[PDB]
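Student: Coordinates in input_25.txt, compact mmCIF, C-alpha atoms and all ligand atoms, are listed below.
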```txt
# COMPACT_ATOMS: atom_id res chain seq x y z
CA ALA A 1 47.91 -10.06 -85.28
CA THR A 2 47.34 -6.81 -83.47
CA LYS A 3 43.54 -6.38 -83.27
CA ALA A 4 40.43 -8.19 -83.82
CA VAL A 5 36.81 -7.48 -83.98
CA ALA A 6 34.03 -9.82 -83.09
CA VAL A 7 30.49 -9.36 -84.34
CA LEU A 8 27.80 -11.62 -82.96
CA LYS A 9 24.10 -11.57 -83.80
CA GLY A 10 21.67 -14.10 -82.47
CA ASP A 11 18.10 -14.97 -81.72
CA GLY A 12 18.56 -13.29 -78.43
CA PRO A 13 20.52 -10.06 -78.54
CA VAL A 14 24.06 -10.79 -77.93
CA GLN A 15 26.59 -8.26 -78.80
CA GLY A 16 30.11 -7.69 -77.90
CA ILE A 17 33.44 -6.59 -79.14
CA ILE A 18 36.39 -8.82 -78.46
CA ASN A 19 39.79 -7.58 -79.63
CA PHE A 20 42.88 -9.74 -79.35
CA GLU A 21 46.51 -8.97 -80.15
CA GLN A 22 48.65 -12.05 -80.60
CA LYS A 23 51.80 -12.80 -82.49
CA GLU A 24 53.70 -16.02 -83.23
CA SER A 25 56.62 -14.48 -81.35
CA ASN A 26 54.80 -15.70 -78.14
CA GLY A 27 53.35 -13.26 -75.71
CA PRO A 28 50.21 -12.75 -73.57
CA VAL A 29 47.47 -11.49 -75.77
CA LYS A 30 46.07 -8.22 -74.75
CA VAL A 31 42.51 -8.75 -75.28
CA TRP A 32 39.46 -6.91 -74.29
CA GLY A 33 35.85 -7.87 -74.74
CA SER A 34 32.55 -6.87 -73.37
CA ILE A 35 29.37 -8.89 -73.95
CA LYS A 36 25.78 -7.90 -73.62
CA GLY A 37 23.31 -10.71 -73.46
CA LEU A 38 20.13 -12.10 -72.03
CA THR A 39 19.99 -12.76 -68.26
CA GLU A 40 22.50 -15.44 -67.42
CA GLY A 41 25.93 -15.97 -66.27
CA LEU A 42 28.77 -17.14 -68.50
CA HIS A 43 31.80 -19.20 -67.87
CA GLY A 44 34.64 -19.94 -70.20
CA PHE A 45 35.18 -18.83 -73.74
CA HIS A 46 35.56 -21.89 -75.96
CA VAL A 47 35.40 -21.12 -79.56
CA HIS A 48 36.42 -23.67 -82.14
CA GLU A 49 36.00 -22.86 -85.80
CA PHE A 50 37.18 -22.76 -89.30
CA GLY A 51 34.51 -20.26 -90.45
CA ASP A 52 30.82 -20.82 -91.15
CA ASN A 53 28.24 -18.08 -91.03
CA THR A 54 28.14 -14.94 -88.95
CA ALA A 55 24.51 -15.67 -88.03
CA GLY A 56 25.23 -19.08 -86.60
CA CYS A 57 28.04 -21.47 -86.94
CA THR A 58 27.14 -24.93 -88.03
CA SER A 59 30.78 -26.13 -88.03
CA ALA A 60 31.27 -24.73 -84.56
CA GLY A 61 28.87 -27.15 -83.02
CA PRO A 62 30.51 -30.55 -82.54
CA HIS A 63 34.03 -29.85 -83.77
CA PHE A 64 36.95 -29.99 -81.39
CA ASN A 65 40.00 -27.88 -82.12
CA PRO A 66 42.95 -29.52 -80.30
CA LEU A 67 45.47 -26.83 -81.24
CA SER A 68 43.87 -24.58 -78.75
CA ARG A 69 45.08 -25.55 -75.36
CA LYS A 70 44.99 -29.13 -76.47
CA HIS A 71 41.49 -29.07 -75.13
CA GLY A 72 40.91 -25.28 -75.13
CA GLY A 73 41.49 -24.13 -71.50
CA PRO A 74 40.49 -20.42 -70.96
CA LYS A 75 43.90 -19.14 -70.02
CA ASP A 76 45.38 -20.69 -73.18
CA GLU A 77 48.54 -22.79 -73.33
CA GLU A 78 49.34 -22.93 -76.96
CA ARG A 79 47.03 -21.30 -79.39
CA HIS A 80 43.55 -21.36 -78.07
CA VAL A 81 42.03 -21.32 -81.47
CA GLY A 82 39.12 -19.49 -80.27
CA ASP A 83 38.61 -16.46 -78.12
CA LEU A 84 40.30 -16.87 -74.81
CA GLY A 85 39.01 -15.39 -71.74
CA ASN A 86 36.57 -15.88 -69.07
CA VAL A 87 33.47 -13.79 -69.12
CA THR A 88 30.52 -13.84 -66.85
CA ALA A 89 27.38 -12.08 -67.74
CA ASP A 90 25.11 -10.63 -65.20
CA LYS A 91 21.27 -10.79 -65.33
CA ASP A 92 21.42 -7.73 -67.57
CA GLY A 93 23.79 -9.52 -69.87
CA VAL A 94 27.09 -7.79 -69.24
CA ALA A 95 30.30 -9.65 -69.11
CA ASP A 96 33.58 -8.11 -68.17
CA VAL A 97 36.60 -9.58 -69.85
CA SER A 98 39.06 -11.65 -68.02
CA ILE A 99 42.26 -11.12 -69.92
CA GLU A 100 44.42 -14.20 -69.56
CA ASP A 101 48.07 -14.76 -70.28
CA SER A 102 47.88 -16.52 -73.52
CA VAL A 103 50.62 -17.70 -75.79
CA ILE A 104 49.66 -17.56 -79.51
CA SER A 105 45.87 -17.41 -79.24
CA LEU A 106 44.43 -16.08 -82.45
CA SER A 107 40.94 -17.37 -82.64
CA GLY A 108 41.20 -20.08 -85.19
CA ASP A 109 43.61 -22.79 -86.26
CA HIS A 110 42.73 -22.92 -89.91
CA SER A 111 42.49 -19.18 -89.99
CA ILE A 112 41.10 -16.53 -87.76
CA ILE A 113 38.95 -14.17 -89.85
CA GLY A 114 35.69 -15.83 -90.70
CA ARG A 115 35.76 -18.16 -87.84
CA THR A 116 32.62 -18.02 -85.98
CA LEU A 117 32.68 -17.73 -82.19
CA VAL A 118 30.68 -20.05 -80.02
CA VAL A 119 29.98 -18.42 -76.70
CA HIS A 120 26.74 -17.15 -75.06
CA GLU A 121 25.86 -15.98 -71.61
CA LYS A 122 26.51 -19.53 -70.49
CA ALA A 123 29.19 -21.79 -69.30
CA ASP A 124 30.86 -22.57 -72.61
CA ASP A 125 33.45 -24.68 -70.90
CA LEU A 126 36.67 -25.70 -72.40
CA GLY A 127 37.63 -29.15 -71.37
CA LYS A 128 34.62 -30.01 -69.26
CA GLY A 129 32.05 -28.91 -71.83
CA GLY A 130 28.96 -30.50 -70.34
CA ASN A 131 28.01 -34.02 -71.36
CA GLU A 132 30.69 -36.55 -72.64
CA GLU A 133 30.70 -35.41 -76.29
CA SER A 134 30.32 -31.71 -75.38
CA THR A 135 33.15 -32.32 -72.93
CA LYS A 136 35.20 -33.46 -75.86
CA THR A 137 34.29 -30.70 -78.20
CA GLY A 138 34.15 -28.09 -75.53
CA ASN A 139 30.63 -26.69 -75.29
CA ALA A 140 29.19 -24.76 -78.17
CA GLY A 141 25.88 -23.18 -78.69
CA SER A 142 26.28 -22.96 -82.44
CA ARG A 143 23.78 -20.23 -82.82
CA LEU A 144 23.36 -19.02 -79.30
CA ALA A 145 25.84 -16.29 -79.98
CA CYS A 146 27.80 -16.61 -83.07
CA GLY A 147 29.42 -14.34 -85.50
CA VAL A 148 32.52 -13.99 -87.56
CA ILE A 149 35.48 -13.20 -85.39
CA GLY A 150 38.68 -12.20 -86.69
CA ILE A 151 41.60 -10.01 -86.60
CA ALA A 152 40.35 -6.90 -88.35
CA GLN A 153 43.01 -4.46 -89.32
CU CU B 201 31.91 -22.78 -76.84
```
Let me see the structure of the file written as structure tokens.
Tutor:
Amino acid sequence: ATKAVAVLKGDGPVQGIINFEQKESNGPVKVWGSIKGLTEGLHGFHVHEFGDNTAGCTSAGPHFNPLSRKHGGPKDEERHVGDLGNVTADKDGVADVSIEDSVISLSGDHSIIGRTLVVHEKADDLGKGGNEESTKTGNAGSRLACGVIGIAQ
């Protein structure tokens, strides 16, 4: 509901703290997250999980979560069942959070806590993904930056 904590640990150091306050009453989620990462950009936050492992999400790879924004658009439309924002890392791995007007976006449709985020300093696009299947699923680097995300309160 009111706050969330994200904890990511990868092969490359990726660390950030994303906190999102949503409620089923419908309202823009006030969310803040900073990411530190290897040198790259980042575009789109498209998480899609039902919980796997905070060291790398196997389920988060090729699994589309349609409840999100139907495809998972970054601004959200319904219940982006993943973290919603746009973040762009610099060469020093530092991404400022774009806080978008979301509707019911708690990161996860089956639940939130335990759900592993798939983002990285990379375009983790929503509806475009990358290649046809990744377009469908909405890009995921299963272990590129993954950790259990969830509303921690
Ligand atoms: Cu992704």
Student: List as a list in words the protein and nucleic acid residues near residue 77 in chain A, meaning an atom at most 10 Å away when only C-alpha atoms are counted, but skip any in the same chain fewer than 4 places from it.
Tutor: residues 67, 68, 69, 70, 71, 72, 73, 101, 102, 103, 104 and 105 of chain A
Student: Scan for residues within 10 Å of the point (24.4, -11.0, -79.8) in the coordinates of the file, using all atoms listed in the file, and reply as a list in words.
Tutor: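 Selection result: residues 7, 8, 9, 10, 11, 12, 13, 14, 15, 16, 35, 36, 37, 38, 55, 119, 120, 121, 143, 144, 145, 146 and 147 of chain A.
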Student: Those residues you just picked out, can you put them in a file as a PDB file, in the coordinates of the input with C-alpha atoms?
Tutor:
```
ATOM      1  CA  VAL A   7      30.490  -9.360 -84.340  1.00  0.00           C
ATOM      2  CA  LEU A   8      27.800 -11.620 -82.960  1.00  0.00           C
ATOM      3  CA  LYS A   9      24.100 -11.570 -83.800  1.00  0.00           C
ATOM      4  CA  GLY A  10      21.670 -14.100 -82.470  1.00  0.00           C
ATOM      5  CA  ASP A  11      18.100 -14.970 -81.720  1.00  0.00           C
ATOM      6  CA  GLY A  12      18.560 -13.290 -78.430  1.00  0.00           C
ATOM      7  CA  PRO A  13      20.520 -10.060 -78.540  1.00  0.00           C
ATOM      8  CA  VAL A  14      24.060 -10.790 -77.930  1.00  0.00           C
ATOM      9  CA  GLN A  15      26.590  -8.260 -78.800  1.00  0.00           C
ATOM     10  CA  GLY A  16      30.110  -7.690 -77.900  1.00  0.00           C
ATOM     11  CA  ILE A  35      29.370  -8.890 -73.950  1.00  0.00           C
ATOM     12  CA  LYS A  36      25.780  -7.900 -73.620  1.00  0.00           C
ATOM     13  CA  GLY A  37      23.310 -10.710 -73.460  1.00  0.00           C
ATOM     14  CA  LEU A  38      20.130 -12.100 -72.030  1.00  0.00           C
ATOM     15  CA  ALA A  55      24.510 -15.670 -88.030  1.00  0.00           C
ATOM     16  CA  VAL A 119      29.980 -18.420 -76.700  1.00  0.00           C
ATOM     17  CA  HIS A 120      26.740 -17.150 -75.060  1.00  0.00           C
ATOM     18  CA  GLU A 121      25.860 -15.980 -71.610  1.00  0.00           C
ATOM     19  CA  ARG A 143      23.780 -20.230 -82.820  1.00  0.00           C
ATOM     20  CA  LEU A 144      23.360 -19.020 -79.300  1.00  0.00           C
ATOM     21  CA  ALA A 145      25.840 -16.290 -79.980  1.00  0.00           C
ATOM     22  CA  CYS A 146      27.800 -16.610 -83.070  1.00  0.00           C
ATOM     23  CA  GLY A 147      29.420 -14.340 -85.500  1.00  0.00           C
TER      24      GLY A 147
END
```
Student: What gap, in Å, lies between CA of residue 108 in chain A and CA of residue 131 in chain A?
Tutor: 23.7 Å
Student: For CA of residue 31 in chain A and CA of residue 6 in chain A, determine how far apart the two atoms are, in Å to one decimal place.
Tutor: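 Atom-to-atom, CA of residue 31 in chain A to CA of residue 6 in chain A, that is 11.6 Å.
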Student: What's the 10 Å shell around residue 111 in chain A, counting only C-alpha atoms, without same-chain residues fewer than 2 positions away, as JSON, numbers by chain?
Tutor: {"A": [49, 50, 51, 81, 106, 107, 108, 109, 113, 114, 115, 150, 151]}
Student: Could you please take those selected residues and save C-alpha atoms as a compact mmCIF listing (two decimals), in the coordinates of the input?
Tutor:
```txt
# COMPACT_ATOMS: atom_id res chain seq x y z
CA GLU A 49 36.00 -22.86 -85.80
CA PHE A 50 37.18 -22.76 -89.30
CA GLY A 51 34.51 -20.26 -90.45
CA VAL A 81 42.03 -21.32 -81.47
CA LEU A 106 44.43 -16.08 -82.45
CA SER A 107 40.94 -17.37 -82.64
CA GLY A 108 41.20 -20.08 -85.19
CA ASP A 109 43.61 -22.79 -86.26
CA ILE A 113 38.95 -14.17 -89.85
CA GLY A 114 35.69 -15.83 -90.70
CA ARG A 115 35.76 -18.16 -87.84
CA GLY A 150 38.68 -12.20 -86.69
CA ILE A 151 41.60 -10.01 -86.60
```
Student: Hey, which of A:99, A:1, A:112, A:84 ends up closest to ligand CU 201 (chain B)? Count only C-alpha atoms and all ligand atoms.
Tutor: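 Under the stated criterion, the closest residue is A:84.
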Student: Find the distance between CA of residue 126 in chain A and CA of residue 91 in chain A and write it in Å to one decimal.
Tutor: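 About the pair CA of residue 126 in chain A and CA of residue 91 in chain A: they are 22.6 Å apart.
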